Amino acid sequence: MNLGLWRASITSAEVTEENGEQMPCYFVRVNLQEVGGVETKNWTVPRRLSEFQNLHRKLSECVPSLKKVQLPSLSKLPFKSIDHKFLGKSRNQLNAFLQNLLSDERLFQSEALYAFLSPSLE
């Protein structure tokens, strides 16, 4: 495996239902053109904010400096519903997060990063 040849970018975000609550969902476009050979090289995988937070926690085991990184968070306060400003900023933050992970040689064999960037067939 070499995730350092994988390119990923969040192309859009929307809200979905995870359990009972409104959950931001981010569409991650993944490109393996830099990988040679004959295989599937392009897809989009939707991931929920909660799946980014899970990924952060797992990768934080392998590389404990990642514990310092703050990801977007849903406000527990009353009247803090998800709006377009939060989706837009959370998307840019999560996108920057993906760029930073994929530039980090320590993760180029991360099974968790691989499973997160891989296709999701519900």
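One rule holds for the numbers: they count along the sequence shown, beginning at 1.
Between 65-73 and 23-31, it is 65-73 that carries the larger average Cα temperature factor according to the deposited entry. Remark: stretch with higher mean C-alpha B factor among 98-106 and 10-18 is 10-18. Of the candidates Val38, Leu87, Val45, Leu49, the deposited coordinates give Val38 the top C-alpha B factor. Compared with the other modelled residues of the chain, the Cα B-factor recorded for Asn2 ranks in the lowest third. Split the chain's modelled residues into thirds by C-alpha temperature factor. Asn92 is in the lowest one.
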